[PDB]
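In: Below: the sequence, then the experimentally determined structure.
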Amino acid sequence: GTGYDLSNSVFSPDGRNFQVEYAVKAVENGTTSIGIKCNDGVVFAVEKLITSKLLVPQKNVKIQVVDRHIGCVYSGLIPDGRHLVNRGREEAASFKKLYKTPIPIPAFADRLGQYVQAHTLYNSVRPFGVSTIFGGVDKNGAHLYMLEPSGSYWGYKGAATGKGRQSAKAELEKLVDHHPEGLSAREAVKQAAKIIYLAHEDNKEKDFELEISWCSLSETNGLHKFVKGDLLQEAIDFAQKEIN
Amino acid sequence: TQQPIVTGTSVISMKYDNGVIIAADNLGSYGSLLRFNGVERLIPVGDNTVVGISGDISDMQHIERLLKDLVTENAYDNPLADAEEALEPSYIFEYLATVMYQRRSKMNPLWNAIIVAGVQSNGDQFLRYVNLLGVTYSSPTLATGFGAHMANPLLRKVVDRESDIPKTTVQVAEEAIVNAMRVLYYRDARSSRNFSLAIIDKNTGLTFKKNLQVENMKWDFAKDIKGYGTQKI
């Protein structure tokens, strides 16, 4: 028959949920965001399209902090990403309250995944429209995860989602091949700036602003912090050199 | 909480020309038993606020967790958590005071007396008090329990009015605080010789001194006390 793509949680004769795939398309329509796991932490980066010079630069932050050690950046429908980040913050607060210890990165990943999978379980709720790359440093070291609107989430050496996800994935594969020992935190920041600058060329019609955060056991003592000032400009210059 | 179990004794605090000083003993009393030592009752929040809690230690730990959660929540989606949009002492106070008055009104209070001391963004000295009843008052000198009875006269001899705050130096205020701690150790059965002391100066910042001890105690005259009246040997 027909009509399997009009209601959420409805399995097509193939075994698919078409509304989830449409949400994935909505994600693919979003900007490019990447995460890079280094030897002692993770680095998140995102492109912010400067639709007009009326936008206040360095403001309109896109990377959200969870607890004090988790970083999250979502590609797709930004409001849905904020909803998911708020839910994750509530989950982290609950975990810390009950077990005192801060929530581990895998636990947080599974919480977000179960939330999204529940959102893919009823025809009364729309699937999420954001792919979220998140992670941080816990007692077991660095962790980088990516979660899709289907509720599927995995741990990554490097992850990327958005319009320029393919070029970013190729550059991340190059980085993984050329660095088996692992990247350093600042090297990961420079590579994230480079990959963001390289993926902007797909939509070079309008100028963009780079936003980078990192959580490193040595560089930030395990806390999620926004890369700003001298390091951000250094990464921007590194990328500008790398393009040409 | 309807009856305190593990209790924290007095807390003292005063204002001086460039900020505030607060102090409290490190004793957790299980009623009449001096059960726990090294119990820090001064909780720093940021680089401009110290909260001194006296009373039920369980509710004190609850307030510790609440302050940590408040810091974490103020960090959320706030790129200015390091500057203009950081937790001011007045914010932390007003929040704690709202919580205390609510807990009172629900007939399940937090058996505590809290003194919030810090320096605002503009440099002004903030010193205020709340309790299980939600009563709020602010004075150049503030103390809880036996502190309010014994330390307050000594500390007010230094700063009786607001006009005495600009004249009072950090050394004078710290010496007065130490003398008040010694007097409390003299005449408070639930006091401790070990205490902690925080100084919030609008210039120097937050100085937190732990493991301090009461020194220069006068006990020699006890050798001459004999009997209770007519006895001589």
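Out: Yep, it's here. Residues are numbered from 1 along each chain as shown, chains lettered A, B, ... in the order given.

In: List the contacts of residue 38.
Out: This is for chain A. By C-beta atoms under 8 Å, 6 or more residues apart in numbering or on different chains, residue A:38 lies in contact with A:142, A:182-185, A:187-188, A:216. All C-beta spots, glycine's among them, are computed from the backbone N, C-alpha and C.

In: hmm, I had chain B in mind actually
Out: B:26, B:194.

In: Ramachandran angles for the residue in chain B that chain A sits nearest to?
Out: Of all residues in chain B, residue B:79 sits closest to chain A, at 5.7 Å by C-beta to the nearest C-beta. Backbone torsions of residue B:79, given as degrees, to the nearest 10, read phi -70, psi -10.

In: so how many other residues sit close to it?
Out: Residue B:79 sits with 13 neighbouring residues when counted by other C-beta atoms under 10 Å in any protein chain shown.

In: Likewise for residue B:36?
Out: Around residue B:36 there are 15 residues (other C-beta under 10 Å).

In: which residues touch it?
Out: With C-beta under 8 Å, 6+ apart, residue B:36 has these contacts: B:6, B:27-30, B:57.

In: Check the offset of the helix or strand encompassing it from the chain's centre.
Out: Counting by DSSP states H and E, the element that carries residue B:36 is strand B:33-37. The chain centroid and the centroid of strand B:33-37 are separated by 19 Å, computed with C-alpha atoms, centre = their mean, to the nearest Å.

In: next one: stretch B:126-137
Out: 12 Å.

In: Nearest spatial neighbour of residue B:151, chain-adjacent residues omitted?
Out: Leaving aside its sequence neighbours, residue B:151 sits nearest to residue B:180 (C-beta to C-beta, 6 or more residues apart in numbering or on different chains; 3.6 Å).

In: can I assume the one you found is in contact with residue B:147?
Out: Yes: using C-beta atoms under 8 Å, residue B:180 is in contact with residue B:147, at 7.2 Å.

In: Turn the contacts of residue B:36 into a markdown table, columns for neighbour count and distance to residue A:242.
Out: Below are those laid out as a markdown table (neighbours: other C-beta atoms under 10 Å in any protein chain shown; distance: C-beta to C-beta, whole Å):
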| residue | neighbour count | distance to residue A:242 |
| --- | --- | --- |
| B:6 | 20 | 61 |
| B:27 | 24 | 61 |
| B:28 | 22 | 59 |
| B:29 | 22 | 65 |
| B:30 | 12 | 65 |
| B:57 | 24 | 57 |
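
In: Pick out whichever of those residues sits closest to residue B:141.
Out: Closest approach between the contacts of residue B:36 and residue B:141, by C-beta to C-beta: residue B:27, at 22.0 Å.

In: give me the beta-bridge partners of the closest one?
Out: Going by DSSP bridges, residue B:27 is paired in beta bridges with residue B:37.

In: for it, what are its contacts?
Out: If you count contacts by C-beta under 8 Å, 6+ apart, then residue B:27 has B:8-9, B:34, B:36-37, B:39, B:190-192, B:194 around it.

In: quick one, strands of the chain?
Out: Going with chain A. A:33-37, A:41-49, A:64-66, A:70-76, A:130-138, A:141-147, A:153-155, A:158-161, A:208-216, A:224-227 (DSSP state E).

In: if you could check chain B rather than the one you did, that'd help
Out: Using DSSP E, strands in chain B cover B:6-7, B:11-16, B:19-25, B:27-30, B:33-37, B:42-44, B:49-55, B:112-119, B:125-131, B:141-143, B:194-201, B:205-213.

In: As JSON lines, those with distance to residue A:50 would be great.
Out: Converted to JSON lines, these look like this (distance: least, C-beta to C-beta, whole Å):
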{"stretch": "strand B:6-7", "distance to residue A:50": "58"}
{"stretch": "strand B:11-16", "distance to residue A:50": "49"}
{"stretch": "strand B:19-25", "distance to residue A:50": "44"}
{"stretch": "strand B:27-30", "distance to residue A:50": "57"}
{"stretch": "strand B:33-37", "distance to residue A:50": "58"}
{"stretch": "strand B:42-44", "distance to residue A:50": "41"}
{"stretch": "strand B:49-55", "distance to residue A:50": "38"}
{"stretch": "strand B:112-119", "distance to residue A:50": "39"}
{"stretch": "strand B:125-131", "distance to residue A:50": "41"}
{"stretch": "strand B:141-143", "distance to residue A:50": "52"}
{"stretch": "strand B:194-201", "distance to residue A:50": "42"}
{"stretch": "strand B:205-213", "distance to residue A:50": "39"}
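
In: Can you report how many residues lie near residue B:178?
Out: For residue B:178, using other C-beta under 10 Å, the count is 18.

In: which stretches of chain A form helices?
Out: A:18-28, A:78-99, A:105-119, A:165-178, A:185-199, A:230-243 (DSSP state H).

In: neighbouring contacts of the fourth one?
Out: This means helix A:165-178. A:28, A:32, A:34, A:36, A:75, A:157-160, A:162, A:183, A:191, A:194-196, A:198-199, A:202.

In: 7 Å - rerun?
Out: By C-beta atoms under 7 Å, 6 or more residues apart in numbering or on different chains, the list of residues contacting helix A:165-178 from outside reads A:32, A:34, A:157-158, A:160, A:183, A:191, A:195, A:198-199.

In: between that helix and strand A:130-138, how many degrees?
Out: Angle of helix A:165-178 versus strand A:130-138, following axes from the mean of the first three to the mean of the last three C-alpha atoms, to 10 degrees, is 30 degrees.

In: Name the residues of stretch B:140-152 that come out as buried.
Out: B:140-148, B:150-152 (16 or more other C-beta atoms under 10 Å in any protein chain shown).

In: burial of residue 46, as a residue count?
Out: You didn't pick a chain, so chain A it is. Counted with other C-beta under 10 Å, residues neighbouring residue A:46 total 25.

In: other chain: chain B
Out: 18.

In: give the contact list for it.
Out: Listed by C-beta under 7 Å, 6+ apart, the contact partners of residue B:46 are B:86-87.

In: Look up how far residue B:82 lies from it.
Out: 10 Å (C-beta to C-beta, to the nearest Å).

In: Then residue A:26?
Out: Using C-beta to C-beta, which is the criterion applied here, residue A:26 is 35 Å from residue B:82.

In: more crowded one of the two?
Out: Per other C-beta under 10 Å, whichever of residue A:26 and residue B:82 has more neighbours is residue A:26, with 19 against 11.

In: hang on, the more buried one packs against residue A:129?
Out: Yes: counting by C-beta atoms under 7 Å, residue A:26 does reach residue A:129; the two are 4.4 Å apart.

In: Common neighbours of the two, please.
Out: A:76-77.

In: residue contacts, whichever residue of chain A sits closest to chain B?
Out: Residue of chain A nearest chain B, by C-beta to the nearest C-beta: residue A:61 (5.7 Å). The contact partners of residue A:61, taken as C-beta under 7 Å, 6+ apart, are A:211, B:79.
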